[PDB]
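J.: Each protein sequence line maps, in turn, to chains W, B, Z and A. Number 53 marks the last residue of the first sequence (this note's numbering); no jumps. Number 1107 marks the last residue of the second sequence (this note's numbering); no jumps. Number 2054 marks the last residue of the third sequence (this note's numbering); no jumps. Number 3053 marks the last residue of the fourth sequence (this note's numbering); no jumps. A virtual CB, placed ideally from N, CA and C, is assigned to each residue, including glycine. Have a look at the structure that comes next, please.
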Amino acid sequence: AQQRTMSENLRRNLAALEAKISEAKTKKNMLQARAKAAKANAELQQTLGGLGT
Amino acid sequence: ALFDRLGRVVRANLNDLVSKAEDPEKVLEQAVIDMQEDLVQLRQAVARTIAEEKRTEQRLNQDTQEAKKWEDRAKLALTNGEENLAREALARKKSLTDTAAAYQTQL
Amino acid sequence: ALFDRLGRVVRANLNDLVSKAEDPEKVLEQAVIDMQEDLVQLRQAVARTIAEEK
Amino acid sequence: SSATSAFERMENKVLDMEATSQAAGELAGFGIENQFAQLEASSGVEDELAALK
């Protein structure tokens, strides 16, 4: 009776973790795209400008 | 600022030496050539960023139609007479539906 | 005021020596360059503060 | 000490870069809009040129 209740507790806590690690993979995939974009944007600002020697 | 005055002077004199070294024509052609190399490198950086627009479009297409395959099977589960199997399919579809939404937001 | 007088005399003679090394034309141009290199640093300092607004 | 704490530390750096990049453009000045309006205007001249033929 205790085992069957315990298994459900463990199973749900794990399911929450599995979902959140999945959120993190989704985060990472789009987050790199911004890093690429931000870097690229910076080069455009430099080439158009630049001052002194 | 007695030292600072001298330090500024040394820099000015060095700049004048570079200014003498600069030939008018040859530096001028080279200057255009530098811009040409820089521009091509930057165009490639922009192209690799415009790639992620296409990738976000691709990611979205997938999940939306995977969501349908859960829907198709769920309705077929109703015919066979199991509501439990149908909810298990539909809940999963909901998550794919949520994921696709997030992509549109990004996109 | 002895030390005070002497220290100001030493500075004055040094001021003449470094003012001999100031050629007015070239030093003037370099100062315009100095301002421009500084201006870039300042603009990017402001940019990193406006970033925290967003 | 944690995998998560390191991960969301990284995201913040990417967001700071994104925000900084836009801000650099804001301070640079944009002249693109006035230039674009000239292209749009050019198109309106070309509408008449199409219409005549």
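Could you check if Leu1028 (chain B) is buried or exposed, using at least 16 other CB atoms within 10 Å of its CB as the buried criterion?
T.: It counts as exposed.
J.: Report, in whole angstroms, the separation of the C-beta atoms of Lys36 (chain W) and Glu1052 (chain B), which I expect to be a contact under 8 Å.
T.: Their Cβ separation, rounded to whole angstroms, is 7 Å, which keeps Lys36 (chain W) and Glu1052 (chain B) in contact under 8 Å.
J.: Comparing C-alpha positions only, which one of Z:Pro2024, Z:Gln2030, Z:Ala2012 and Z:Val2009 sits nearest to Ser1019 (chain B)?
T.: Nearest C-alpha to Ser1019 (chain B): Z:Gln2030.
J.: Would you kindly work out how many angstroms separate the C-alpha atoms of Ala1089 (chain B) and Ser3005 (chain A), rounded to a whole number?
T.: About 34 Å.
J.: In three-state DSSP terms, what is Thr53 (chain W)?
T.: Coil at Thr53 (chain W), not helix or strand.
J.: Can you check whether the C-beta of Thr53 (chain W) is within less than 8 Å of a C-beta belonging to chain Z?
T.: Judged by the 8 Å Cβ criterion, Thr53 (chain W) is in contact with chain Z.
J.: So, under 8 Å CB-CB, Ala1101 (chain B) and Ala1067 (chain B) are touching, yes? Tell me the CB distance rounded to an integer number of Å.
T.: In fact, because the Cβ distance is near 11 Å, the residues do not count as touching under 8 Å.
J.: Using CA atoms only, rank isn't needed, just tell me which of B:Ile1033, B:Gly1081 and B:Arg1008 is closest to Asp2023 (chain Z).
T.: Minimum Cα distance to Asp2023 (chain Z) is reached at B:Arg1008.
J.: Check whether the Cβ atoms of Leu1085 (chain B) and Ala1077 (chain B) sit closer than 8 Å, and answer yes or no.
T.: For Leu1085 (chain B) and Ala1077 (chain B), yes; Cβs fall inside 8 Å.
J.: Between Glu1052 (chain B) and chain W, is any beta-carbon pair separated by less than 8 Å?
T.: Output row for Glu1052 (chain B): interface = yes.
J.: In whole angstroms, give me the CA-to-CA distance for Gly3044 (chain A) and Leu3027 (chain A).
T.: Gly3044 (chain A) and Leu3027 (chain A): Cα-Cα distance of roughly 32 Å.
J.: Is the CB of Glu3026 (chain A) under 8 Å away from at least one CB in chain Z?
T.: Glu3026 (chain A) counts as touching chain Z.
J.: Please list the terminal residues of the continuous alpha helix (DSSP H) segment that includes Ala1 (chain W).
T.: Taken as a continuous stretch (DSSP letters only), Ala1 (chain W) belongs to no alpha helix (DSSP H), as it is neither H nor E.
J.: Compare the C-alpha of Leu3015 (chain A) against each of W:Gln45, W:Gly50, W:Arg4 and W:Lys39 and name the closest.
T.: Closest by alpha carbon: W:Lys39.
J.: Would a C-beta distance cut-off of 8 Å place residue 1974 (chain Z) and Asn1013 (chain B) closer than the cut-off?
T.: With chain Z running from 2001 to 2054 in the structure shown, residue 1974 (chain Z) is simply not present.
J.: Assign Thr3020 (chain A) to buried or exposed, taking buried as 16 or more other Cβ atoms, counted over all protein chains shown, within 10 Å of its Cβ.
T.: Counting Cβ neighbours within 10 Å, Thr3020 (chain A) comes out buried, since at least 16 surround it.
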